[PDB]
Amino acid sequence: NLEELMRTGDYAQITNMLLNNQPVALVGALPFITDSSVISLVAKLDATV
Amino acid sequence: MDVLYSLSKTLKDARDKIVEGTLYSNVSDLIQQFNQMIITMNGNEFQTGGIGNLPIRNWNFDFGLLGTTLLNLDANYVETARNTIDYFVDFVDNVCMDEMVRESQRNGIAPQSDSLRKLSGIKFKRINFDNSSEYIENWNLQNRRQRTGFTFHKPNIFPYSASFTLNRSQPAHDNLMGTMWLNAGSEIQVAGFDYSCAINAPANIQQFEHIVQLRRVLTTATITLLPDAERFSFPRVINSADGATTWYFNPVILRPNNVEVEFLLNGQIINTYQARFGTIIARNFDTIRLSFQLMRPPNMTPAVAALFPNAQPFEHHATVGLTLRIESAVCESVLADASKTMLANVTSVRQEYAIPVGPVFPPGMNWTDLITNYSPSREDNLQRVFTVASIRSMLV
Amino acid sequence: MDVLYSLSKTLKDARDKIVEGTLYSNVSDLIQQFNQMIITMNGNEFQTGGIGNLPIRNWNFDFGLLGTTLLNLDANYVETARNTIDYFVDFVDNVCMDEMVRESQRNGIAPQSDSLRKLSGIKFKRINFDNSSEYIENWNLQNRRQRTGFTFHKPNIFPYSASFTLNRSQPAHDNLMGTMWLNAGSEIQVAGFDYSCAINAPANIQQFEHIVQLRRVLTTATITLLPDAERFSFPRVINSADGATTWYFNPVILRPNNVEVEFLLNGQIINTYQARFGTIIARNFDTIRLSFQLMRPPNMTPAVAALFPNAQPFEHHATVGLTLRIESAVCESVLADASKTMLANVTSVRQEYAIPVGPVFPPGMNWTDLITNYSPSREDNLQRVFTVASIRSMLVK
Amino acid sequence: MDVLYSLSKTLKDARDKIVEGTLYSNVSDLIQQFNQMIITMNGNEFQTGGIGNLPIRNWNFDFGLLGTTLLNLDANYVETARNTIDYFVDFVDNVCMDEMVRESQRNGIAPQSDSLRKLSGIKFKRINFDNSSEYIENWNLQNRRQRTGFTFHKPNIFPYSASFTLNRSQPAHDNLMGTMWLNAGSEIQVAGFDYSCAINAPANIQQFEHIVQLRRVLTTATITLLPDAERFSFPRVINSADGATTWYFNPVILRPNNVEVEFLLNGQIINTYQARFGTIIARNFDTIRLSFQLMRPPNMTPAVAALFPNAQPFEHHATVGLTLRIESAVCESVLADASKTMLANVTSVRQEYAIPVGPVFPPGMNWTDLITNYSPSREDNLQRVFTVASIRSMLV
Amino acid sequence: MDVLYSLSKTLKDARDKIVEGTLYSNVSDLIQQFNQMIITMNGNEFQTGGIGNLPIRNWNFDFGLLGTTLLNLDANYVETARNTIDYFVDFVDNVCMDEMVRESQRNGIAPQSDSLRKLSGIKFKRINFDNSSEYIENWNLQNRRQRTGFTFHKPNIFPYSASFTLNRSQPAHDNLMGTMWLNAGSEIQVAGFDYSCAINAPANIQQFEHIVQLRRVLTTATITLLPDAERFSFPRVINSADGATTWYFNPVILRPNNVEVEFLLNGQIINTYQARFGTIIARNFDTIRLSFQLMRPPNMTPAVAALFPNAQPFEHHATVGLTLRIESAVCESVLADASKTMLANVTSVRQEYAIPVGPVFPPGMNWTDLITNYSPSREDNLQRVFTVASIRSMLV
Amino acid sequence: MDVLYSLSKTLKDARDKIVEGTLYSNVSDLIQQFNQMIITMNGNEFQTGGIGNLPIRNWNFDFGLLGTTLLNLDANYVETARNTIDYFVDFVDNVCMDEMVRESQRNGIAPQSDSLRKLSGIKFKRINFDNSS
Ligand SMILES: [Cl-]
Ligand SMILES: [Zn+2]
Ligand SMILES: [Zn+2]
Ligand SMILES: [Zn+2]
Ligand SMILES: [Zn+2]
Ligand SMILES: [Zn+2]
């Protein structure tokens, strides 16, 4: 839960999962970028955010 | 093993210390250790079972960290923590059961289950913390080749054996001389009998001797010596040596004479006790030598003299007993005893799931056969399963 | 209970750890817990003991907190802490004594003394901290209704009873067949006797059976089985079943034949042991069935043959024994054992103050009556008083 | 003793908790306490040994402190800590052994070895921390002059004594009335016998009484009482009181009648049980009075009547027995027992180094002599050596 | 179980309260709970199992919420609500049936069907609301370790047994003395008969006693006691004990004498009623002891004197009987009774779908065997299935 | 014991040396020790126990300091000193009697009476002086 993560300030678990490539789901109202470029999909930019 | 023990102790401390209303300062370090364990275990897949009737169970860890409270814990905190604690306790119990039902002739001290082999990887060493139990302490010492020690109350060190030896006999079994003994658990009950009451024995003394070889060295042992062996103090009918016939025993108990208990280590006398009954200390020994004597009383009242004629028949047979009880001792190897439940737990787990007999332990985990042939391989496997059993007993 | 145990645990920790010269870092959390206890208990009036000869004690708490500025504990700090600890330990001892002398037929697991009732309020829950003892752990698990477990060394599970059963008898009592047993504590000694030594038996085998029904289920039990029963192996004069007369027993011990120990749960076989002596494991059971045979030896030496004639009179009576000892076990319910002193503590407290017989417990805490009629309400009250006894033993003992 | 115990506890905690991979949060306070111990012990010279064959050893303390900046302990930290832990453990074991082999008459509670006397200085109290063990707790209570308490499973309270008393006797020992007993460990078996089966008794009842005086007050004691003494229920030949001759005993067991067991404190009745067998509780006592009766059966079957004739000879001798076993107890004074191992440890250390007999304890640390004459001086020395033995057992 | 009960109660309330024309204020909270249940259940897949002939059924929840903006409910609202209520009721009924046809030995109180196990997760706890029914209230109280009881009208506590005991008999069965009884459900009938009419009995009184051991403790029990057993008041031909032959019983009913009905708990007389007939109260008991006496009438008219001669033959046999009916009671454990339909519902569901015999309950859910060997496991499973049966009965 | 002995020694020295007409130089150290004892004992409550027929006695200490500034001690000084000394001597005698009638099997060298146990506290160590007997 991104709200709980923001409030606590403890990023130990999220950092450990991002570093170790552990599948997760970040839940919370989020703004998103709508990318229509196929080359962006090939470049895998969605994983760089 | 250290990682499994650390998981189990972390979960036990979580159950005991994460209670409603408790100060967060009382569990700060415990919560830190628990969160470290959650981090280390998250994202890992474990599999348990697949032997006997033990079901195949898959364990996935996707738990969030335990939170913090300013002053005291509340009910919400306790329930949230308890869900995770329950899942982890189930996982640990299943892993311990999986490890208890396995054995290996080669490298029996090493983990046998896939889950415990995975837990022995470097990534899980983070979970390792305080190793204060007796069994885990001895496990760590044995890993380092340091001197180990297990304290037993009434150690199960003597395999059951109710036997006898006839030093003098004949097919009619009417003038017999010998010794009959029961070595059961922590108890020795020996009795030397002479049907003639040492009438023709030189100096009217008949010498009886019983040597018991312990399969492991016992140190710092408290032993109770009592003059009489109540087990062999009443009349009975005893099979022959080959079972071809039965003979009759009709004890009349006399005080054992010149009693000598020798506790020996590697053929060297370590302790000697002469005519000493009650509590004695055998500091370090692997052999017990009880040498006693039947002495014909030089003076007898008419009733006593009527029982011991100059010649046959001998209707009343003189007997001198001896009872030895190891109340407590210390052994470098794991043994069953009256106070602990490790053997019982391992046997129960093996029986419940119908574990087929392996290549190490005797069928049914029978203790007499196990201690009779207590090989170093058996010692390693039994120590492993006993340590896992204690780890499981922490939780279950 | 949790609050009372937490008080006792905090006081024991304070006694053990608040010592002269110790680093404050060794007791910082303990000092905070102690101060929390002082704050929570301050301003409260308690009363303990109005039953039997237990005196009425009134308790007031107005104490200052322990200092937290020290880096090493000195003499004066320890003395003040010890004075406060002594008062609190007296209070906890009296509360435990008051709770141990009470029983309820309805909600025996709930607190009975008004002091513990007061401590069961929300404001006192802050005192709660580590519940690591075996009894308090089992208390919490039972409250949540999780699977409990009490480990007993030599569990006192068999109510005392020494009796005999005569399958064959007659007014002369010169040709008897039957069994005599003693089921006491953790021990069963049984012995089947035939006066005729199965001379006229179907193949010279006499079958004896003993059924012992435990009042509670025992799990993970280590049991020593020995072939001979030394209690029933010497001459005896036994009063008859009606008590009218007495009969003579003159046993000559023969080894038991086809020994079979069966451990059953709900009448279903859990463990079976045939001709196995020594240490055995009964993993889960509530009934023990010991079936053993007296077999006439087909071949006898002249003396043995002289013992057993083809017909009466029979002066030597064949006997086959069995000894069963539960060295240790696990039970979901509290029990008296040779290692713990919970029953002794409760009985001592009750007798010391002449507590009148209540509607729940036996007439004086007689364990034989209690275990014979170990009812669910008795179980609840017994667990409550045993937990209180352990809490008290943490401090008074 | 508190400083020695604190050293031992710190070293045990260092062994258990300073392990590879553990969070520094798990050992932060322990590392601080260990460093405090290093600081306090540094620059000090100790000497142990010099009594018996115990070798004289010299101990110097110049050790660096452990690190405090790690997040998780690694191999290097563990080895660095282990070197110092090994040296300190050796020092503590040697100090404990040196103290265990020494005794004093007037002030046996005070430290005897110069090492422990040096450790009793004020400057060493900084090492002092958690004293949670039962024996150290009782040591501190004794030092504060508070009420002490030791729990014993099967307390070794009765010195061994197998004796008899003949209230009716003749030179031929054919019409004997009396009682024979064994008081061993936590067990008291007694048996009152009448050769005439009380035929000529006033009410055909023979009264038997056994008084056993405990050398220390036992409280919260759980006891098992059974109505037969198996020890004195089989025929035997017993020397006469002066050893001049031997007499014959041929028991036939009848149930004891009007059984009354009374537990007395300072000659005052504390507990009393009549016709009660099984588990009983003696809450506070130092003496036991067992009174039972042999009642001649008013009605007898032909065989029973054949056993007991109107006059002599009396070939079958009526006997009534009692067994009293103390399973658990609480005592203000230290005692040997089955579960613990302090007596065994002290005796082992004294035997292994051939300690000359001192002015306090009996030769060879024989428990029967110790408890028969359990004087306050002996109690002081025994508490000191038992506490030292437990401290040593924490490590060895 | 609480979530399943909450589903059932919500659907029952929806059926009862969502009616055409009703003010929305009458169902505001009910509609809020219904929408909460919809939200919680939406997006979840459930499966009710195929045990026996019960079909495998898959359940999906993608329902929209109910409107909350009408002043009065109309036909459209009722129809729309009913469309969802029907599906939810079908799901609840199938889950209840799946749970009723399952039993476990290790943990019979925990949910057995996978659907109810899924509903026991945290995510469904939101569905939980008012738990007012007696069975769910008892379930919750028992989960809280609180004293709770079920009230039974004519509790089915006595297993069926028609039997007799002959204290005096002979192969010809002409001079018999003994007792006859039937214990069926909540009803006991006993009748002590003497063929001689106590002509030779000491003081012309024959004593009969009947002990009925209840398998569970009953409290606050109203009991009707009547002085005659009509069941054993007419001529009968009765098989022998071994069935070898048949004997004749020809009762002539006399008033029972010295009637004492004792209600005992743990062997202590909680309640006693002497010569009292009609309504009596047994506050708390687990055993019933009925003592009565056949007293020969001291004065007999010629017609009466003709019935009872001084010696055989005895053609009229004097009988005295008692009848004890438990009108109402309270029990900690569940029981069958004359008013509730739980046993009938569980048995019907098991019979309809041909559920095989399990390891806990007897075949066909026979209540005599069930109440005879009322083990704790049977009690747990029976309470679980009875609670599920009541939950289902709210809807079906 | 050392504190009790020091109390008794101070009181005996006060009785012997605080006499009318004596130079203050003969008692200067004695007066300082006496005032030290008064300050140490002031504000302390003591109880000599009721073992046997020995009466239960309660002792309270609130006394003024002995004066300085006298070249030769006069009668008023001796009177005040005698009052204080008499009370202290009664206290010391009762404490000694209470201790003389008590015994313990173990730790019999330690103080038995509550008064002597209280006097064994650190705060009373100031009273200790010359132990010459
Ligand atoms: Cl034991
Ligand atoms: Zn032979
Ligand atoms: Zn034991
Ligand atoms: Zn009989
Ligand atoms: Zn003699
Ligand atoms: Zn019949």
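Residues numbered from 1 in each chain as written, not as in the entry; some residues may be left out. Chains lettered and ligands numbered in written order. Part of a larger assembly, values for the part shown. Heavy atoms only, no water.

**Overview of the pairing of strand β13 (residues 278-295) of chain C**
Residues and elements named next belong to chain C. This is how the line gets drawn: Categorising residues by exposure relies on relative accessible area from a 1.4 Å probe, with only protein chains included: less than 20% of the type maximum marks a residue as buried, more than 50% marks it as exposed, and the intermediate range marks it as partly exposed. Helix and strand definitions here come from DSSP, where helices need a minimum of 4 consecutive H or I residues and strands a minimum of 2 consecutive E residues; each element is numbered from the N-terminal end. By this definition, two strands are paired if DSSP reports at least two bridges between them.
Taken across its 18 residues, β13 has 15 buried, putting it largely inside the fold. With 16 bridges joining them, strand β7 (residues 205-226) and β13 adopt antiparallel strand pairing. Bridge pairing in β13 places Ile 205 opposite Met 295.

**Some words on the interface of chain D and chain C**
The cut-off we apply is this: The criterion used for residue contact is that any of the two residues' heavy atoms lie within 4.5 Å. The term buried area refers to how much accessible surface (probe radius 1.4 Å) is lost by two components on association, counted for both of them together. Should a side-chain nitrogen of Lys or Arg be within 4 Å of a carboxyl oxygen of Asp or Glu, the pair is scored as a salt bridge. The term polar contact refers here to a pair of N or O atoms within 3.5 Å; inside protein, the definition further demands a hydrogen-donor-capable atom paired with an acceptor-capable atom, and it admits residues adjacent in sequence only when both atoms are side-chain atoms. For this classification, the nonpolar set comprises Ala, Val, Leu, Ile, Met, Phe, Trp, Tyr, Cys and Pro, the charged set comprises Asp, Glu, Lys and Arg, and every other residue, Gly included, is treated as polar.
Taken together, the 54 residues of chain D in the interface contact 49 residues of chain C. Here chain D packs against chain C, burying approximately 4400 Å² in sum over the two surfaces, 51% of which is carbon and sulfur. Its salt-bridge partner being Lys397(C), residue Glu134(D) comes within 3.6 Å of it at the nearest N-O pair. For the pair chain D and chain C, the interface holds 22 residue pairs in polar contact. Per-class residue counts for the side of chain D that touches chain C are 22 nonpolar, 19 polar and 13 charged.

**Considering the side chain of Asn183(B)**
Within the secondary structure layout, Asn183(B) lies in strand β5 (residues 177-185). Among the residues examined, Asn183(B) registers a relative accessible area of 8% and is labelled buried.

**Structural notes on the interface of chain C and chain B**
On the side of chain B, 50 residues touch chain C, which itself brings 48 residues to the contact. Among the salt bridges present, the one from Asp228(C) reaches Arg236(B), with a minimum N-O distance of 3.0 Å. At the junction of chain C and chain B, the tally comes to 24 residue pairs in polar contact. Pairing analysis gives 2 bridges linking strand β8 (residues 236-239) of chain B to strand β10 (residues 251-254) of chain C, with the strands arranged parallel. Bridging across to β10(C), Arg236(B) finds its partner in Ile253(C).

**Quick look at the packing of aromatic side chains**
Under the convention used in this document: The pairing test for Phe, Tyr and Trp rings, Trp by its six-membered ring, is centres within 6.5 Å, and the orientation test on the planes gives stacked under 30 degrees, edge-to-face over 60, and tilted for anything in between.
Scanning the entire structure with this criterion turns up 108 aromatic pairs over all chains. When the centroid spacing of 5.1 Å and the interplanar angle of 55° are considered together, the rings of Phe46(C) and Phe91(C) count as tilted. In this pair, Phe46(C) sits in strand β1 (residues 45-48) while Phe91(C) sits in helix α3 (residues 75-100), placing the two residues 45 residues apart along the sequence. Exposure remark for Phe46(C): the relative accessible area of 3% places this residue in the buried category. Three or more aromatic residues joined by ring pairs form one cluster here, namely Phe34(B), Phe46(B), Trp59(B), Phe61(B), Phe63(B), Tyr87(B), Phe88(B), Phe91(B) and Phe124(B).

**With respect to the UniProt feature "binding site: Zn(2+)" in chain C**
The line we're drawing: UniProt positions are given in the numbering used here, feature names are shortened, and annotations may be inferred rather than shown by experiment.
UniProt tags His153(C) as "binding site: Zn(2+)". Tracing the chain through its elements places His153(C) in strand β3 (residues 150-153). In this structure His153(C) comes out as buried when scored by relative accessible area, which is 6%. Beyond its immediate stretch of four places on either side in the chain, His153(C) contacts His153(B), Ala338(B), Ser339(B), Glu327(C), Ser328(C), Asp337(C), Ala338(C), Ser339(C) and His153(D).

**What about a nonpolar patch on the surface?**
Residues and elements named next belong to chain A. Inclusion rule: By definition, no residue in a patch forms a salt bridge, and every one has over 30% relative accessible area; like charges are joined within 9 Å, nonpolar side chains (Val, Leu, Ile, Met, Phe, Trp, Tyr) within 5 Å. Only the protein chains shown count as cover for residues, and all accessible areas are computed by the Shrake-Rupley method using a 1.4 Å probe.
A contiguous nonpolar surface patch, about 270 Å² in accessible area, is contributed by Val 24, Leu 26 and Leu 30. Relative to the elements of secondary structure, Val 24 occurs in the loop between α2 (12-19) and α3 (38-43). For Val 24, a relative accessible area of 45% corresponds to the partly exposed category.

**Quick look at unusual backbone geometry**
The peptide bond linking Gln312(B) to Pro313(B) adopts the cis configuration, its omega dihedral lying at 5°. Within the secondary structure layout, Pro313(B) lies in the loop between α6 (302-307) and β14 (317-331). Of note in the backbone geometry, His173(E) takes a positive phi value of approximately 50° without being a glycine. Residue class for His173(E) comes out buried when judged on its relative accessible area of 15%.

**Regarding the packing of helix α5 (residues 134-143) of chain E against helix α9 (residues 376-393) of chain E**
Residue and element names in this part refer to chain E. Just so we agree on the cut-off: Axis definition: a line fitted to C-alpha atoms, over the contacting stretch in the case of helices. Angles run 0 to 180 degrees between N-to-C directions. Here roughly perpendicular refers to angles of 65 to 115 degrees, roughly parallel to angles under 35, roughly antiparallel to angles over 145, and oblique to all remaining angles. Crossing handedness: left-handed means the near helix sits turned counterclockwise from the far one by under a right angle, and right-handed means the same turn made clockwise.
One can describe the packing of α5 onto α9 by two numbers: an axis separation of 9 Å at closest approach and a directional angle of 140°. In terms of orientation, α5 and α9 fall into the oblique class. In this structure, α5 crosses over α9, and the sense of that crossing is left-handed. On the side of α5, the interface is formed by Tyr 135, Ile 136, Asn 138, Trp 139 and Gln 142, while α9 contributes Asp 380, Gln 383, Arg 384, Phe 386, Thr 387 and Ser 390. Among the residues making up the contact of α5 with α9, the classes are represented as 4 nonpolar, 5 polar and 2 charged.

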